[PDB]
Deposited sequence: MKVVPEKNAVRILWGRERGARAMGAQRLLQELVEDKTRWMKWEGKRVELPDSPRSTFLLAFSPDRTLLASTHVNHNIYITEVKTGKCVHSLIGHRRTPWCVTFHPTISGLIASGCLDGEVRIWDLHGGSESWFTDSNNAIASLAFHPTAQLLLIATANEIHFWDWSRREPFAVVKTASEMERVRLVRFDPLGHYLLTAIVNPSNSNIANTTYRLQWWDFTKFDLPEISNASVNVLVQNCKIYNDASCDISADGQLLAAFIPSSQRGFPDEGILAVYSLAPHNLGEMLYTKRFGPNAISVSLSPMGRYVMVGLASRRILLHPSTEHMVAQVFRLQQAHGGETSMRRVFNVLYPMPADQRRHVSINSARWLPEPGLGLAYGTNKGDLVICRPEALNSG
């Protein structure tokens, strides 16, 4: 029965026929696709733009970067701006929360400065040797580590020490390291590197960091999963909470879903065609619905996976999410728990949390 009751009757009756909780959250996502608001939040200052939302793993707070060279921290429930991280002389480019240690957040700016912040008190800062622009950041969930990529150099630094330990560089200077990210399990590492020559093409290499071996990313033909992918920021690709799903742009922007399970790793499950305005993607916690922010009302869209064959009809359009006002979506992401809603940032300098 497609009811909350019978599934729950089996649950409350102590019959541990698991998978029901999965199905129940499948239903509420289906249920929440029908319900309809735009709630704003005040800010201590008036930044021109809002960039790079990043949700907490404990959902206690929410960091965000703004052009005012400050980072605002807001609580999701109250919607009240509590903390405003200040200290970057330049606008930060990458902000990532810490899965294990609560309140320890890092942020790196275009001037080559990284700043590890703590809400309770204290902070650390390190300087790149040639103050180059920072590309992407990726915290290590289990191991005490944060990887730093600036142009083509991967910096292996432990914040318990002042200076990075290991230095690994690509085959060429122009072979830039654009994006780095661990998976929600910390077993595999995805490295985005520009292809040798806008039509700037990038490739994804799939390094196993289980043994913490330094990835020899100079080779462009080892552990490659995607030959060509369009990447502009760190939010253009993301991994589902379960870790068995992945979304990434491909050129003719075509969003395609690739199974991360080893049995059919790299196999293309679901696909749809999108215009150039597609920027960032985000997967629902149970790997069924995808949120995508769009550039210029219809600013966002949600889809649902029905059958995996690689064709266009893999998903079906569900509905649209609007904002109570050109406006182009910079960042968006599904809230950690399914069905709560979504938060996003605005190029005009707005942070709005939408709920049904």
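Residues 1-5, 42, 204-207, 263-270, 315-324, 354-359, 391-396 of the deposited sequence have no C-alpha coordinates in the structure.
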